Structure formats: C-alpha cells, structure tokens
C-alpha cells in the first residue's frame, strides 16, 4: 500500500516500514563509526529492545561490541492491509542486519511482565548462548499486568501533594500555553511504584539466576531519568519519583546479589530524548526544543544511540578497564552534559521570555516535530514516501 502520516498532536496512528528500517540503519552506521568496544559483553539480553534506549542498547551491544543478542518486546506485526508498530519494524530491521553480519539475534514478542516471559527467555538462552553476561532492563511501559493475579496496573505522571503548573506548547497550534496536572492519589502513587519501580527488574534477574543462565560476572543496568528542575514535581518529588526511588532500592539489592561472582547492577540516568511518550508531560516538548538548540550550539547534543554508546564505552566497558564513574547513589549519569550549568542556565534565562511568536527563534521546535515524526518512520532521508510498501515484514521472532 501507500503509507501516509495520520498525525494530530503527538498521536501518530501510522508507521512507515522502510523509514523505520532506515532509522536502524543510521543508528547502526553511527555505532560502527565509533569502532569496536574492546571490553564489551558477548551474550546480551535486552528486556524492552524495540525502540528508544532499548533498541539503541541492542544496537550498541551487537554492532559495537559484537554481542549475540536476545531482545524482548511487545509489538504488533503488520498485515497486508495495516502497518504494524514502529517497534516491530525496528526489531525486524535489527534482525535483518545482525544476521547479515553473522551475529546471533533472537527475539521474543509478548508481555515482558508475565512469568512466561522469563521462562521462554531462560529456555531460549539454553539452546545456544547458554548463559548471559549482561541484562539491559529498558522496559518503558506505562502499564503492568501483575504476573500472579492478572490485575492491570497503570502508572501516573502526576505530582505529589500539590498541583503542577508549567509553561508548555499547545499541540498543532504551536501556541505557548500554561498546563496543569493534579496531584496523585495515594493509590496512584503505589501503582506507579508497581509499574515503574524495580520489582519486575528483580523478577527478571532472580528468575534468571535460578535457571543458571546468568554468567558469573554478569552486569545489569536499568534506565531512569532525573530531568531538569522544570519537571522536578513529576520526576523527582512526584509519583514517578517514588518509582525511581524503588529502582534504586532494587539496584542495591541486585548489585549485592551479582557481586558474589563479580558482577554489578546499576541504574543509568539518561538524558532527555524525543520518544513516543515524551510528549506526555506538556512541558517536555517545549524544554526539549529549547535545550536541544543550546546543546547543539555547545556541541554536546546526543540522541539515544550516542547515549548508550557513551554508557558502554565511557562507563561500563572502558578501554582501560577502570571503574565506571557513578554518583552518590551508585548510579551512572549520562545526563551529565545536559545538566551542566551553562546549559541549564541558558534555559533558565530564556524560559520567561518564550512566546508563541518567538518559539521557533528561541527553540528548535520545528525540528522537534520532525524528530517526533521520525520515530514512526516519516520524514526520513533515504525513503521515497510515494513508493508502494508491504507492511507484512517477518523476522526471527517467537510469541510469548
């Protein structure tokens, strides 16, 4: 068929299969250009491997470190009459290129929170790789079906205590507005820790030890975010702040466990990036447009690929083998460039002066929307969008 973009606001109900493959191609080319990571792990599991940091995690490990990779995700294949989700083609394109290079690549598609997800992974590891030496926990679901009870829990992006009011950009008018978010209830906060904390991370690690498929010295990392003071009432003091609290607790527990045979567990705090959910909080497109413009000017701008490459080659698996620099809570900090003072101070100074009228001058907002469209495979360069495209695209993936 011929694939349009059906997009109003920041909901895009359409994906472009080749644009997505072209996006994996660019990220792969970027990692290869940095050269092999001498000390990188060889048998890598990525729980949540189909987009954003998870996809770049799988790409770094395979195409920068030469690793065999198993990835877990929940995507929707495309039929002849309906394109699938970006994550489906992202994964399919990964498999294509990894297999073209002789790298092991298997993928499991389903509910990564379910007990069955851990079993099919334990089994699949046992058929070839035998053991895993790194687990990337990069799930980004706002929803968790509890593995014992079937109850469906969703997280909430709300402050705690008081209302959160901030400047924001209105959708599809590009008009500066004031957005408000109500405080979380006592149950919405629990539920956020349940979905976005470290419980399911610990379930993956603990179940994988109890099958023997965790290699001695295995390291595991989960991804988090601290953000600017513009979003402290959600990401630090809000419902999601209690979740990240819980991820710290899990990392401490997991780090003690794997420490037995020399391994580690860390939370990695990553930078602001444009993702399919990033436009949830209303201030985030406004802030991201502004700080991306400054960070481009200072030459410190990065995407998801560069972030995970730097985590690999400048934190976890450094050429000289020296230990990763961590913060006081034993977290890796890859948001160190974005949270530099001259960068943050620039946003602080410009923030009161942003208007509908100077939006495109003070911020890279028109670029923001292009990058957001790039998530679903549109606006990409090596693609003729008038070409017919088959949305049915298969690869080495098994359900459940």
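Positions refer to the first chain, counted from 1.
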{"item": "Stretch exceeding the other in mean C-alpha B-factor - 25-33, 47-55", "value": "25-33"}
{"item": "Greater mean Cα temperature factor according to the PDB record, 127-135 or 265-273", "value": "127-135"}
{"item": "Residue of maximum C-alpha B factor among 189, 247, 254, 208, per deposited coordinates", "value": "208"}
{"item": "Top residue by Cα temperature factor, when 231, 172, 313, 330 are compared in the entry", "value": "172"}
{"item": "Position of residue 62 among the chain's modelled residues by C-alpha B-factor, lowest, middle or highest third", "value": "middle"}
{"item": "Assigned third (lowest, middle, highest) for the C-alpha B factor of residue 236", "value": "highest"}
{"item": "Third of the chain, ranked by Cα B-factor, where residue 306 sits", "value": "lowest"}
{"item": "Among modelled residues of the same chain, the CA temperature factor third for residue 284", "value": "lowest"}
{"item": "Chain thirds of CA B-factor: placement of residue 166", "value": "lowest"}
